Every structure is written in C-alpha cells, then in structure tokens.
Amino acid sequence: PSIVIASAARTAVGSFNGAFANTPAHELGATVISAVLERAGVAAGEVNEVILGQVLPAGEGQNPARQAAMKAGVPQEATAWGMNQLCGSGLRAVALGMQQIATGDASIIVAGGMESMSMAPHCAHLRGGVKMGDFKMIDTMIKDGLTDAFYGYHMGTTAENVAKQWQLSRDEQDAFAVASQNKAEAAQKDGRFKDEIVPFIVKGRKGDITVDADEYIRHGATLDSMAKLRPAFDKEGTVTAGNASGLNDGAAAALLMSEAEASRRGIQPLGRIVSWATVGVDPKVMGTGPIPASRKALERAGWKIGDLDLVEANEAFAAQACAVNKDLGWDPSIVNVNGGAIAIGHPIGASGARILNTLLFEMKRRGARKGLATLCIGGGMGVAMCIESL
C-alpha cells in the first residue's frame, strides 16, 4: 500500500499565555482540520476518522479529538480519537492514520496533534479527603507533560545528562540556539511559513484577532543575551531557558489517502510516506531518541543518511539537537533550514505534525525529493518518518 499526504496545515505557534491563552486545543484543531480539507479539495463529509495527538486534555471534556472533528463539520458517522506518545504524538498520529488506510479500514484520515499548554489546569486528587495537613495543587502541564515519571526530574535534566555524555559546551548550545532564532526570523520575514500556516481567529469581546504568525520567534536574538542566562535545571549546568524550547500552544495536521485515491481526485500530494519508526532509549537521555528512530526509519525506507535532501529534527533542547546531529552525521545545512522549536516553540502534542508541516512545505518549495522528520520523546523514545516527493 502507498499512502500520501494530500495536504497539510498548522496554526501559528502561540507563546505561553500569549495569543492562544484562552483558546481550547480542539478549537485550534478544528481550524487545522478545515484547512487540510480546503487545501486538498476534500469535503468534510468524506473524512472517515480524525486522529489527534494530545498530551494535556484535562478539563477539556470528552475526547477533544471528536470535539475538533465535529466543530470542523466532520459528520457524526465518522470517528475520532486522541492519543499520547508525548512529544512524538502529532507525528505518531500520522503513522497511525497511514496504518488505517494500509489495512483497509479507512480511505480518508485527518491526523496530527493539538495542544494548549496555556489552558492545562492545576489538579489534586480529593476523593479520599485530606484529613489533615497541606497538599499540592499540581500543574498538569509540568507533571504530565514535562517531568520524567521514573526519575522525577524535568526534561531539562535529561538534556543536562546528554550535554555531559556528549561534552557539549554552554558556548556550543548557545550558538545553536541563536542560529535557530536567526534562521526562523529569516524564514518568517521571507514568508516561508505562510504556506503552512492557516490563520486562526481568536474571538473575544471587543474584537476578533487574527493570528497568523509564530509569535515565540525572537527577532534580533543576540549571543550576548543567550550567554547571560542562568542555568535553568542544574546550578553548574549548561541548559537554560534560552537554549531550550518553550511552553506553547498550537495544532497541526495532515490529510491522508492512498496514492491511487489522490490520483483519482487529481490531487498533487505533498509527499508519499515511505517509512516510519519508533524506538525506546534510556529515559535519562531521552533526547537521544531520534538517533535509533531515524536509523530504523531510514533502514525501512532503504535509504542511506546521505540520500536525505532535507531534515526536520525537533529541538527540544540545543544539547540534544546537537547530540543527534553529531551521531547521525547528516549535513547540518539541510537540517531545520527554517529554524526549529527553540525559536518556533513546542506545543507538545502538536509538535510532531508541526515539524512535519514545515518539512513538507519546504520540500515542495525547494524541490527536495527525500526528507525525514524526527522527535525525541519523554520517558525515552524517538519517532521518525521518511517522506518522498512525487
């Protein structure tokens, strides 16, 4: 079976408590489902299932993926579900959507992810009561998204572990971070995020605001400001707020169908999904997940690293992005050519389809034939997907 990505879209990525501060993830997801449909010339009546990665759905109500689908006019007879493989989610959803089509269970899938880190609630288990003494209201964003479940420390600490093992200086991490900002700024000013972004209308009271630019990108980002930051996780460390990605909101998706179906419809697809892989690694160095996952995906495609024309490798932290690049040895000039998540941001459950969006539109723009998208995953995993142009 040959599955293509007929169309794709993403919202702009919102800053923490920024543009999307009070927008539920399923509203972002609904806009992105409408857009992939419009972009492909496929009607919502035609969709069989919607599959959305999402890590932080607490308080949002029954299966936000169904909410997003219904809001986008996807008929009640279709189905929808959410899934959670942490930062891998929005990419793994695409692979799962491909499998629906490959096994003959569906013809048309919309797959990606959505996340509102801003709207994630604080919680406490209160059923058994608290007979005496203080208790914590727990931030679900930190607890369920950002804290290792085995070791009890933030993802930032796994990044420090990688910095130590790979001997990555503060200087090198900072330079990588400044480069991410500067590349993202240039791509933004040149209009290279236009094709991928679908504008999102934030409704208010005193006026609707259209959001169509990635607001987390820092323009004119200096090495000096990066260098002046204090280590954010270890007092004698190297990982800072500047060389780590952010807390962000957004959604991203792809519309999938068979290659034979896109041909019937006269759709020029954004690419054929040639392989995907997911592999585990030690939780303590979770940032290394893209290494075995990329290698396995490439093996499954029958491709050498040198065959790749473009790469999107998620920048959760400069320390891990640098480790991945060192080990794989791919030309860094083809990696995150338009910036990465240090600059763009990291809306967890949407990230994987966010970078897939960026890869597919840049692949189209430059005429690149073979690309790969890859993410590290909390708790020690990687996910990778190989895309070829038709």
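Basically, rigid core = biggest C-alpha set you can superpose within 1.5 Å across the two forms. So that there is no doubt, residue numbering starts at 1 and follows the sequence shown.
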Higher-deviation stretch (C-alpha RMS, rigid core fit) in 5 other deposited structures of this protein, choosing from 298-306 and 127-135: 127-135
Mean C-alpha temperature factor, higher of 320-328 and 26-34: 320-328
Mean temperature factor over C-alpha atoms, higher-scoring stretch between 74-82 and 204-212: 204-212
Residue of maximum C-alpha B factor among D307, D174, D282, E312, per deposited coordinates: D282
Deposited CA B-factor, highest of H154, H125, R92, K194: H154
Cα B factor band for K370 (lowest, middle or highest third within the chain): middle
B-factor third for the C-alpha atom of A19 within its chain: highest
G287 by Cα B-factor - lowest, middle or highest third of the modelled chain: highest
Among modelled residues of the same chain, the CA temperature factor third for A9: lowest
Modelled-residue ranking by C-alpha temperature factor, third containing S180: lowest
